[PDB]
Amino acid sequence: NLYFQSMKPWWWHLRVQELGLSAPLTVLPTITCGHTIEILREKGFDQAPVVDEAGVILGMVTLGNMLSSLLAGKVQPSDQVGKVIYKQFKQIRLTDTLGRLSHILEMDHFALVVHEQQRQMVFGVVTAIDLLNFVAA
């Protein structure tokens, strides 16, 4: 067996917490899909966590998944967004590396950034521009 280890850039072992992410915009499962589309349109976000009234993360709503579900005849604009909760997305820790982040971002369009306290807490969303801006700046 032969192994290869790449030479890593300066930022590789720096941590997700260096990016300076804001708190996420989240939605309740009971607002409509149409209302969620306006919110996401206003902000220029492709996704948001869906959280219940007790603060539990139920999953993510994404534009891709809303579009698929609409095409499949399964959701309409006036339905609750709870109907299109996407439950399989990637998580990363606030103290995980930018290297790990970069792997996730190459395969997925976002990750939910998590931090461990007495329970596992959501810190924010992270997407390619957050990493790009950091490296560029």
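Residue indices: 1-based, along the sequence shown.
Can you tell me which stretch has the higher mean Cα B-factor, 1-9 or 128-136?
The deposited B-factors put 1-9 ahead on the C-alpha mean.
With respect to the recorded C-alpha B factors, which stretch has the higher mean value, 23-31 or 79-87?
Per the deposited B-factors, the answer is 79-87.
Would you check the entry's CA temperature factor for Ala54 and let me know if it's in the chain's lowest, middle or highest third?
Answer is highest: the recorded C-alpha B-factor places it there.
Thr97, C-alpha B-factor rank within chain (lowest, middle or highest third):
Answer is middle: the recorded C-alpha B-factor places it there.
Lowest, middle or highest third: where is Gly64 by Cα B-factor in its chain?
Middle third, going by the recorded CA B-factors of the chain.
What third of its chain, lowest, middle or highest, does the C-alpha temperature factor of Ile37 fall into?
For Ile37, whose C-alpha B-factor we compare with every modelled residue in the chain, the answer is the lowest third.
Rank-wise, by C-alpha B-factor, drop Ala48 into the lowest, middle or highest third of its chain.
For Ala48, whose C-alpha B-factor we compare with every modelled residue in the chain, the answer is the lowest third.
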